[PDB]
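Any value given below was found using the heavy atoms of this structure, including those in side chains, with hydrogens, waters and symmetry copies removed. The sequence lines fix the lettering, A, B, ..., with proteins before strands; numbering per chain opens at 1.
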Amino acid sequence: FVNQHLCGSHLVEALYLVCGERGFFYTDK
Amino acid sequence: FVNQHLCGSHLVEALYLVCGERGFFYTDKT
Amino acid sequence: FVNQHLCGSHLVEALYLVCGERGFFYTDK
Amino acid sequence: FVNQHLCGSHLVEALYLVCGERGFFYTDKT
Amino acid sequence: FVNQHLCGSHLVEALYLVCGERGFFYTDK
Amino acid sequence: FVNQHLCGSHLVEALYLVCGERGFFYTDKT
Amino acid sequence: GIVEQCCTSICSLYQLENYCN
Amino acid sequence: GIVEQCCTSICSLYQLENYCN
Amino acid sequence: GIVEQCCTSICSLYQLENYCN
Amino acid sequence: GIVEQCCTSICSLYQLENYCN
Amino acid sequence: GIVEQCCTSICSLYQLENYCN
Amino acid sequence: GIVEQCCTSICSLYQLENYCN
Ligand SMILES: Cc1cccc(O)c1
Ligand SMILES: Cc1cccc(O)c1
Ligand SMILES: Cc1cccc(O)c1
Ligand SMILES: Cc1cccc(O)c1
Ligand SMILES: Cc1cccc(O)c1
Ligand SMILES: Cc1cccc(O)c1
Ligand SMILES: [Cl-]
Ligand SMILES: [Cl-]
Ligand SMILES: [Zn+2]
Ligand SMILES: [Zn+2]
């Protein structure tokens, strides 16, 4: 639950920097 | 919800918060 | 301790976006 | 402490860090 | 692992505000 | 990696993400 | 509270918005 | 685009949500 | 306000703390 | 996935970059 | 260190400021 | 400095990495 929603928060910001213009898809359901 | 410019990481995060379980796609400048 | 202080960090930023101008109160003691 | 403009989420967070157990109130633009 | 890498994320941002111009060193290995 | 201005906390964090186990040093304005 | 409610189980925006004003 | 809609301009929830999957 | 004090201008700790509960 | 992979064990930038585009 | 000290137990600003310069 | 290099201007990974330990 939270520990992987608080973690997703960090992931997506980690991927904005890295991916940059290329962009990314953030799903998993 | 804020009536503000949301750029950069503040966007991705707002997307993240706004979409949730669904998820999302960020392309940046198109 | 930390796991609910690191979590509060995310909460308040989640509430700035949502609440916007209306604002919010962030206490609980 | 930084001598900078703190806006938006950078504020709420600085409030959060600066207040602690006490807590706080954010109104935004008054 | 993650729980102290997600926590470091918060720490360094906590130290940017506090330390300000003085700056800080963030290592520990 | 983004081709953007990275300032303030967005820097420290990018440093943090970019350096990792190594770590880093931030001085701010030099 | 919001901490007990939101940290423990994942809160949405609509569940966060209760804690507004 | 999101960027041009919500960055260079102000973007609502509904507008911010056009970009969920 | 905080916004106008600490956003449109620069705000100290003591100033930033006027807004704790 | 990225969550299983990155939250559980620490992912670097090069490991994050797999999840790009 | 700061990680052992601050992640484990909640550090204040004054406890964070030891790790400055 | 980082600030002047990567803030007032745009900074690459390699450039951003000149500041790791
Ligand atoms: C792993 C996961 C679960 C739910 C939504 C997501 O975007 C990602
Ligand atoms: C839940 C909680 C504890 C302490 C301070 C706060 O602002 C909120
Ligand atoms: C505690 C720790 C481990 C690895 C790298 C760091 O910068 C800090
Ligand atoms: C947006 C958000 C962050 C952290 C915890 C939550 O329950 C919700
Ligand atoms: C950058 C980052 C944040 C959170 C978890 C990770 O595995 C990596
Ligand atoms: C401000 C802050 C964030 C995370 C952990 C701490 O101990 C303190
Ligand atoms: Cl900003
Ligand atoms: Cl966290
Ligand atoms: Zn976190
Ligand atoms: Zn910002």
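Linking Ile, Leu, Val, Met, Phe, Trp and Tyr whenever their side-chain heavy atoms come within less than 4.5 Å leaves K:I2 and C:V2 in two separate clusters.
Every residue two or more places apart in sequence or in another chain was checked for a side chain to side chain donor-acceptor pair (under 3.5 Å) with I:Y14, and none qualifies. For D:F1, the ring pair (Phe, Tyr, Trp, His ring centres under 6.0 Å) criterion is met by no residue, not counting sequence neighbours. Not counting sequence neighbours, the partners of A:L6 by the side-chain contact (heavy atoms from CB on, under 4.5 Å) test are C:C7, C:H10.
Using a 4.5 Å heavy-atom cutoff, the side chains of D:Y26 and I:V3 are in contact. C:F25 is not listed as a side-chain neighbour of G:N21, based on a closest heavy-atom distance of 4.5 Å or more. Between D:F24 and C:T27, the closest side-chain pair of non-hydrogen atoms is not below 4.5 Å. At a threshold of 4.5 Å between non-hydrogen side-chain atoms, the residues K:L13 and K:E17 do not count as touching.
Identified under the side chain to side chain donor-acceptor pair (under 3.5 Å) test for residues 4-13 of chain H, with sequence neighbours left out: B:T30-H:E4, H:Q5-H:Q15, H:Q5-H:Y19. Residue pairs meeting the salt bridge (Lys or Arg N to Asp or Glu O under 4.0 Å) criterion with at least one partner in residues 3-14 of chain C, sequence neighbours excluded, are absent.
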What pairs of donor and acceptor atoms, side-chain ones from residues 14-22 of chain F against any protein atom, are under 3.5 angstrom apart with sequence neighbours left out?
unit_1	atom_1	unit_2	atom_2	d
F:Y16	OH	E:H5	O	2.6
F:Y16	OH	E:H5	ND1	3.0
F:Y16	OH	E:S9	N	3.4

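For the atom pair CG (E:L11) and CG (K:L16), the distance works out to 6.5 Å, reported to the nearest 0.5 Å.
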